[PDB]
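Enquirer: Dumping the structure here so I can ask a few things about it.
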Amino acid sequence: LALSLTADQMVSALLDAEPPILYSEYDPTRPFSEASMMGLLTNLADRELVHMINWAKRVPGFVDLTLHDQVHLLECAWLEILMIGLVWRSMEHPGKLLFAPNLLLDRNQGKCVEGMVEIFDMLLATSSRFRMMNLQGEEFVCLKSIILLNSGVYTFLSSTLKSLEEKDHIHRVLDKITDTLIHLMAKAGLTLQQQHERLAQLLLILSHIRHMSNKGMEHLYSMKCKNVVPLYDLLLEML
Amino acid sequence: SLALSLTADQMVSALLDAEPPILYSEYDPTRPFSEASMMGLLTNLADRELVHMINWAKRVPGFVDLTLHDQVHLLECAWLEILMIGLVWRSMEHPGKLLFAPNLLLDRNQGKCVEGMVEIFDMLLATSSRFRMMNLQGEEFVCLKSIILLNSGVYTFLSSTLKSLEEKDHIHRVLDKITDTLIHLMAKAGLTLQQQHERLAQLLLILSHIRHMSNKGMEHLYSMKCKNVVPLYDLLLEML
Ligand SMILES: C[C@]12CC[C@@H]3c4ccc(O)cc4CC[C@H]3[C@@H]1CC[C@@H]2O
Ligand SMILES: C[C@]12CC[C@@H]3c4ccc(O)cc4CC[C@H]3[C@@H]1CC[C@@H]2O
Ligand SMILES: [Au+]
Ligand SMILES: [Au+]
Ligand SMILES: [Au+]
Ligand SMILES: [Au+]
Ligand SMILES: [Au+]
Ligand SMILES: [Au+]
């Protein structure tokens, strides 16, 4: 049915599906600590996550898919999706990251966590690029839905007939979203050359976002290894 | 500053001529395959392809216009994506397999012949497979390799100084020039404007999955250099 939507419909749909911007259960009453910040960013994420599931369902063609496939799409893309959102919100705040309205960290405040400055710089850089290209919200939502539908497809066990028809559907929506991007740029008045040139710059960024994502994934799990679970503690209680 | 002049057709020839030699795995068909045997087999091939990649990068429009440190930064963020896209291209004609080199053609399984490297194989196989069904053209292919070179490392540039931002503009102009080139190749091949934009998007989104395989590869590679390294056993068999 999404395959029916005209460009203008594809835009409103997406725009309305946009999730609420959440607040960090952040408390200035207390100081920031390596682990303090991690759980802070972590809770914000586990909560945005919940809203992400509501959003994914609102995206054209998404629910046309199989439960399994939906879970595989959201399980390969969740962190890219958070990152692009974080990036979008951080545009108006040069040099900083608006994780949430009440949580605005600048570069440095990143060092308040082991090896997470690198991921901050990249995120700052990305937000900076979006700014310099004057990314529009209409453009933004197209890209978020692309990331959903596209980062998990090469990693589908395409061994059976339902899996491949599953993939075609995915690529048709993707083309439909590309049609939309082009329309938005046509409308904005760019020539056809600028059009294809801008579709390319936007898409090539999704690459750097996949990158940050993998970096993030690495840095996140290494945290879950460290400060994972004591023992000297439960034991002392018991004795 | 030459690059930005090149017409589409000139951009393709430049790139096609820049193409590195196809190398042979300097190995023995006699000897079988062990976790450590393979790794070194693929690793040498790679270190050798690496040396050739340097000659290639230097012949890519606008790459030498850049700063030495910016050049090392680009090849360092992308060398493995670059090898990956070439391996994938070469494997097109060999459904289900990976033509690392003419004399080294591993199929899926032969991958398990290395700890946790089946995953990366499948992804490579899947990628080669996608290129096959989209009927990727060599002209299309070389545009994509040069895009990976120029684009995979520009965000991770310390854009804190003036020459650094002018450094980045130049890189984005060549990139636009390469996009122009891709669209020209597709127009010429007769696709409609819709199919044109549509195909430029499918091609570029794959670069994303390549970035992925790259990071996974990077992880798997370094984990090998931690574990599989000093003979130990070998040094003992010897001495003993
Ligand atoms: C995954 C991390 C914690 C959660 C962070 C987050 C949390 C919420 C959000 O909206 C965006 C991001 C982007 C960066 C993420 C971080 C990158 C490193 C860290 O481990
Ligand atoms: C980097 C690895 C070794 C070298 C391999 C290679 C070696 C040569 C080449 O032309 C392409 C590739 C792609 C996959 C690479 C592998 C992925 C995992 C492994 O560690
Ligand atoms: Au994934
Ligand atoms: Au701190
Ligand atoms: Au696909
Ligand atoms: Au990199
Ligand atoms: Au084996
Ligand atoms: Au850039």
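In the structure tokens, the first chain shown is A, the next is B, and so on; residue numbers restart at 1 for each chain, and ligands run from 1 in the order shown.
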Quick one: everything within 8 Å of range 121-125 of chain B, counting only C-alpha atoms, minus sequence neighbours fewer than 2 positions away in the same chain. Send it as a PyMOL selection string.

Expert: (chain A and resi 154-155) or (chain B and resi 84+88+96-98+108+111+117-119+127-129+213)

Enquirer: Using only C-alpha atoms and all ligand atoms, tabulate the residues of chain A lying at most 12 Å from any atom of ligand 6, each with its closest atom pair and that distance in Å to one decimal, by chain and increasing residue number, as a tab-separated table.

Expert:
residue	atom	partner	partner_atom_place_in_ligand_line	distance
A:118	CA	ligand 6	1 (Au)	11.2
A:119	CA	ligand 6	1 (Au)	11.7
A:122	CA	ligand 6	1 (Au)	10.5
A:207	CA	ligand 6	1 (Au)	11.1
A:208	CA	ligand 6	1 (Au)	8.9
A:209	CA	ligand 6	1 (Au)	11.7
A:210	CA	ligand 6	1 (Au)	11.4
A:211	CA	ligand 6	1 (Au)	7.9
A:212	CA	ligand 6	1 (Au)	9.5
A:214	CA	ligand 6	1 (Au)	11.1
A:215	CA	ligand 6	1 (Au)	9.8

Enquirer: For chain A, report every residue with an atom at most 9 Å from chain B (counting only C-alpha atoms), formatted as number ranges by chain.

Expert: A: 121-122, 125-126, 129, 150-152, 154-155, 158, 171, 174-176, 178-179, 182, 193-201, 203-211, 214-215

Enquirer: Restricting the output to C-alpha atoms, write the selected residues as a PDB file, in the first residue's frame.

Expert:
ATOM      1  CA  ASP A 121      34.011  13.486  17.602  1.00  0.00           C
ATOM      2  CA  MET A 122      32.539  11.368  14.821  1.00  0.00           C
ATOM      3  CA  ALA A 125      31.550  15.683  12.739  1.00  0.00           C
ATOM      4  CA  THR A 126      28.433  14.028  11.341  1.00  0.00           C
ATOM      5  CA  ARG A 129      28.124  17.787   7.963  1.00  0.00           C
ATOM      6  CA  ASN A 150      18.584  -1.254   4.463  1.00  0.00           C
ATOM      7  CA  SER A 151      21.173  -2.133   7.081  1.00  0.00           C
ATOM      8  CA  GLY A 152      19.808  -5.579   7.729  1.00  0.00           C
ATOM      9  CA  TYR A 154      22.439  -8.296   3.093  1.00  0.00           C
ATOM     10  CA  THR A 155      22.380 -10.246   6.342  1.00  0.00           C
ATOM     11  CA  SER A 158      18.135 -15.609   1.467  1.00  0.00           C
ATOM     12  CA  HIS A 171      14.030  -2.859  -2.100  1.00  0.00           C
ATOM     13  CA  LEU A 174      13.660   1.704  -0.725  1.00  0.00           C
ATOM     14  CA  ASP A 175      13.293   2.781  -4.361  1.00  0.00           C
ATOM     15  CA  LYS A 176      10.003   4.472  -3.344  1.00  0.00           C
ATOM     16  CA  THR A 178      14.602   7.360  -3.186  1.00  0.00           C
ATOM     17  CA  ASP A 179      11.839   8.666  -5.477  1.00  0.00           C
ATOM     18  CA  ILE A 182      14.521  13.202  -5.365  1.00  0.00           C
ATOM     19  CA  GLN A 193      22.692  17.423 -11.494  1.00  0.00           C
ATOM     20  CA  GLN A 194      22.527  18.833  -7.972  1.00  0.00           C
ATOM     21  CA  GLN A 195      19.747  16.351  -7.416  1.00  0.00           C
ATOM     22  CA  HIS A 196      21.776  13.201  -8.050  1.00  0.00           C
ATOM     23  CA  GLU A 197      24.831  14.806  -6.436  1.00  0.00           C
ATOM     24  CA  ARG A 198      22.910  15.464  -3.251  1.00  0.00           C
ATOM     25  CA  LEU A 199      21.262  12.064  -3.174  1.00  0.00           C
ATOM     26  CA  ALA A 200      24.800  10.670  -3.318  1.00  0.00           C
ATOM     27  CA  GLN A 201      26.204  12.871  -0.470  1.00  0.00           C
ATOM     28  CA  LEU A 203      23.657   8.280   1.065  1.00  0.00           C
ATOM     29  CA  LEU A 204      27.420   8.240   1.442  1.00  0.00           C
ATOM     30  CA  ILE A 205      26.929   9.616   4.950  1.00  0.00           C
ATOM     31  CA  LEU A 206      24.756   6.618   5.878  1.00  0.00           C
ATOM     32  CA  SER A 207      27.989   4.739   5.364  1.00  0.00           C
ATOM     33  CA  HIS A 208      29.850   6.766   8.023  1.00  0.00           C
ATOM     34  CA  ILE A 209      26.817   6.281  10.256  1.00  0.00           C
ATOM     35  CA  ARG A 210      27.090   2.448   9.852  1.00  0.00           C
ATOM     36  CA  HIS A 211      30.676   2.925  10.862  1.00  0.00           C
ATOM     37  CA  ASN A 214      29.891  -0.586  14.711  1.00  0.00           C
ATOM     38  CA  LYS A 215      32.303   1.484  16.773  1.00  0.00           C
TER      39      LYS A 215
END

Enquirer: Between B:141, B:33, B:63, B:79, which residue has the minimum interatomic distance to residue 110 in chain B, considering only C-alpha atoms?

Expert: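 Of B:141, B:33, B:63, B:79, the one nearest residue 110 in chain B, counting only C-alpha atoms, is B:33.
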
Enquirer: Taking only C-alpha atoms and all ligand atoms and a cut-off of 12 Å, can you tell me which residues surround ligand 7, written as number ranges by chain?

Expert: B: 32-39, 106-118

Enquirer: Dump C-alpha atoms for the selected residues as a PDB file, in the first residue's frame?

Expert:
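The new file part_4.pdb reads:
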ATOM      1  CA  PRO B  32      46.222 -28.619   2.454  1.00  0.00           C
ATOM      2  CA  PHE B  33      44.521 -25.895   4.651  1.00  0.00           C
ATOM      3  CA  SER B  34      44.744 -25.090   8.362  1.00  0.00           C
ATOM      4  CA  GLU B  35      43.250 -22.186  10.380  1.00  0.00           C
ATOM      5  CA  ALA B  36      46.760 -20.679  10.589  1.00  0.00           C
ATOM      6  CA  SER B  37      47.716 -21.890   7.093  1.00  0.00           C
ATOM      7  CA  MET B  38      44.912 -20.000   5.456  1.00  0.00           C
ATOM      8  CA  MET B  39      45.181 -16.772   7.432  1.00  0.00           C
ATOM      9  CA  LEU B 106      37.735 -20.681  -1.936  1.00  0.00           C
ATOM     10  CA  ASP B 107      34.145 -21.704  -1.652  1.00  0.00           C
ATOM     11  CA  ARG B 108      32.027 -21.014   1.391  1.00  0.00           C
ATOM     12  CA  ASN B 109      33.079 -23.978   3.561  1.00  0.00           C
ATOM     13  CA  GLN B 110      36.821 -23.563   3.017  1.00  0.00           C
ATOM     14  CA  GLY B 111      36.238 -20.530   5.192  1.00  0.00           C
ATOM     15  CA  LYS B 112      35.418 -22.462   8.367  1.00  0.00           C
ATOM     16  CA  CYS B 113      39.005 -23.480   7.680  1.00  0.00           C
ATOM     17  CA  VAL B 114      39.579 -20.406   9.956  1.00  0.00           C
ATOM     18  CA  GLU B 115      38.058 -19.514  13.304  1.00  0.00           C
ATOM     19  CA  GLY B 116      34.985 -17.281  13.034  1.00  0.00           C
ATOM     20  CA  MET B 117      35.521 -16.268   9.431  1.00  0.00           C
ATOM     21  CA  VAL B 118      32.520 -18.028   7.897  1.00  0.00           C
TER      22      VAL B 118
END

Enquirer: What do you get as a ChimeraX atom specification if you pick all residues at most 7 Å from ligand 2, counting only C-alpha atoms and all ligand atoms?

Expert: /B:39,42-43,45-46,49,80,83-84,86-87,100,117,120,217-218,220-221,224

Enquirer: Determine, using only C-alpha atoms and all ligand atoms, which residues of chain A have any atom at most 9 Å from an atom of ligand 4, and tabulate each with its shortest atom pair and distance in Å to one decimal place, rows ordered by chain and then rising number, as a Markdown table.

Expert:
| residue | atom | partner | partner_atom_place_in_ligand_line | distance |
| --- | --- | --- | --- | --- |
| A:31 | CA | ligand 4 | 1 (Au) | 7.5 |
| A:32 | CA | ligand 4 | 1 (Au) | 4.7 |
| A:33 | CA | ligand 4 | 1 (Au) | 4.6 |
| A:34 | CA | ligand 4 | 1 (Au) | 5.8 |
| A:36 | CA | ligand 4 | 1 (Au) | 8.4 |
| A:37 | CA | ligand 4 | 1 (Au) | 7.8 |
| A:109 | CA | ligand 4 | 1 (Au) | 6.5 |
| A:110 | CA | ligand 4 | 1 (Au) | 8.0 |
| A:111 | CA | ligand 4 | 1 (Au) | 7.2 |
| A:112 | CA | ligand 4 | 1 (Au) | 3.8 |
| A:113 | CA | ligand 4 | 1 (Au) | 7.0 |

Enquirer: Find the residues near residue 220 in chain A: any atom within 10 Å, counting only C-alpha atoms, skip ones fewer than 4 places away on the same chain, and give them as a VMD selection string.

Expert: chain A and resid 38 42 116 214 to 216 224 to 225

Enquirer: Kindly export the residues of the current selection with N, CA, C and O atoms, as a compact mmCIF listing (two decimals), in the first residue's frame.

Expert:
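Generated file (again-v9.txt):
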# COMPACT_ATOMS: atom_id res chain seq x y z
N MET A 38 27.42 6.63 31.58
CA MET A 38 27.02 5.43 30.84
C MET A 38 25.60 4.98 31.11
O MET A 38 24.84 4.74 30.17
N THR A 42 22.67 5.22 28.59
CA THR A 42 22.09 3.91 28.42
C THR A 42 20.59 3.83 28.69
O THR A 42 19.85 3.19 27.94
N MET A 116 35.45 7.14 24.77
CA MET A 116 34.21 7.48 24.10
C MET A 116 34.28 8.88 23.49
O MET A 116 33.26 9.44 23.10
N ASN A 214 29.06 0.55 14.33
CA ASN A 214 29.89 -0.59 14.71
C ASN A 214 30.85 -0.19 15.82
O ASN A 214 31.10 -0.97 16.72
N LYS A 215 31.39 1.01 15.75
CA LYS A 215 32.30 1.48 16.77
C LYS A 215 31.57 1.53 18.09
O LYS A 215 32.09 1.11 19.14
N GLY A 216 30.36 2.09 18.02
CA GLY A 216 29.54 2.20 19.19
C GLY A 216 29.28 0.82 19.75
O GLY A 216 29.51 0.56 20.93
N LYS A 224 29.83 -3.39 29.10
CA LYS A 224 29.08 -4.47 29.75
C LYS A 224 29.98 -5.59 30.29
O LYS A 224 29.55 -6.39 31.12
N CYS A 225 31.22 -5.64 29.82
CA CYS A 225 32.18 -6.63 30.30
C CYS A 225 32.71 -6.06 31.59
O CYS A 225 32.61 -6.69 32.65

Enquirer: I'd like the contact shell of range 11-27 of chain B - 6 Å cut-off, only C-alpha atoms, skipping same-chain residues fewer than 4 positions apart - returned as an mmCIF file with C-alpha atoms, in the first residue's frame.

Expert:
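That gives us out_29.cif:
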data_model
loop_
_atom_site.group_PDB
_atom_site.id
_atom_site.type_symbol
_atom_site.label_atom_id
_atom_site.label_comp_id
_atom_site.auth_asym_id
_atom_site.auth_seq_id
_atom_site.Cartn_x
_atom_site.Cartn_y
_atom_site.Cartn_z
ATOM 1 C CA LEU B 6 37.736 15.720 -16.651
ATOM 2 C CA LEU B 45 48.091 -11.667 -0.657
ATOM 3 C CA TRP B 56 46.408 2.876 -7.700
ATOM 4 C CA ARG B 59 46.387 7.596 -10.092
ATOM 5 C CA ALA B 101 43.350 -14.645 -6.770
#

Enquirer: Closest to ligand 5 among B:225, B:188, B:170, B:132, using only C-alpha atoms and all ligand atoms?

Expert: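 Comparing B:225, B:188, B:170, B:132 against ligand 5, the winner is B:132.
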
Enquirer: Could you list the protein, DNA and RNA residues that have any atom within 8 Å of ligand 1, counting only C-alpha atoms and all ligand atoms, and write them as JSON, numbers by chain?

Expert: {"A": [38, 41, 42, 43, 44, 45, 46, 48, 79, 82, 83, 84, 85, 86, 99, 100, 116, 119, 120, 123, 212, 213, 215, 216, 217, 218, 219, 220, 221, 223]}

Enquirer: Tell me which of A:131, A:57, A:167, A:226 sits closest to ligand 5, counting only C-alpha atoms and all ligand atoms.

Expert: A:167

Enquirer: Using CA of residue 131 in chain B and CA of residue 144 in chain A as the two end points, give the distance in Å to one decimal.

Expert: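 CA of residue 144 in chain A lies 24.4 Å from CA of residue 131 in chain B.
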
Enquirer: In Å, with one decimal, what is the gap from CA of residue 173 in chain A to CA of residue 190 in chain A?

Expert: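 Computing the Euclidean distance for CA of residue 173 in chain A and CA of residue 190 in chain A yields 23.8 Å.
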